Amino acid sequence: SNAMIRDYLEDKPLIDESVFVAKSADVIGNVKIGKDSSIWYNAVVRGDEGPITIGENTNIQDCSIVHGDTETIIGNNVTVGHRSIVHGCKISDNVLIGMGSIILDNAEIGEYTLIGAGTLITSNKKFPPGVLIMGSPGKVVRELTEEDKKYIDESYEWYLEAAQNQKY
């Protein structure tokens, strides 16, 4: 990278050709989106402060908002539930964020984690992988079962499929 490239990246999201982006969604600024991910209706992914990196096969559902003081990193195979706010945090692979949840700056969610709807995770909170987290403030309920890790897998898989239909 160089001066002109940094300017380009500040203005033009690097969105993989394979990514479904609903017309009503706004993907603004410095945003890298990986293979087969999907951005749903009225979502806002704005990398104008901290940049945003979204992995592969990850879904950002309707009206969800991604923004951040520091960088926001969302892994591969992640499901971001409807109207969730992922703000400057770090989300490992195979995480399902329950609809309406808010995860604030510098929080870290470990791999194969399930987050209940409407969960509020304040800044700098770390969580071990393989757990169920719920509530406000979000706390660990129990370790995840193989059946739970599966549910996580079916969710992102479903979205891979629905994503095709919304333009094929």
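A residue's number is simply how far along the shown sequence it sits, counting from 1.
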Of 152-160 and 14-22, the stretch with the higher mean C-alpha B-factor in the deposited entry is 152-160
I need to verify one thing: averaged over C-alpha atoms only, is the B-factor higher for 96-104 or for 55-63? 55-63
Maximum C-alpha temperature factor, selected from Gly138, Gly29, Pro128, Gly118: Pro128
Third of the chain, ranked by Cα B-factor, where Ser123 sits: middle
Looking at the entry's B-factor column for C-alpha atoms only, identify whether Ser37 ranks in the lowest, middle or highest third of its chain. middle
Split the chain's modelled residues into thirds by Cα B-factor; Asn76 lands in the highest
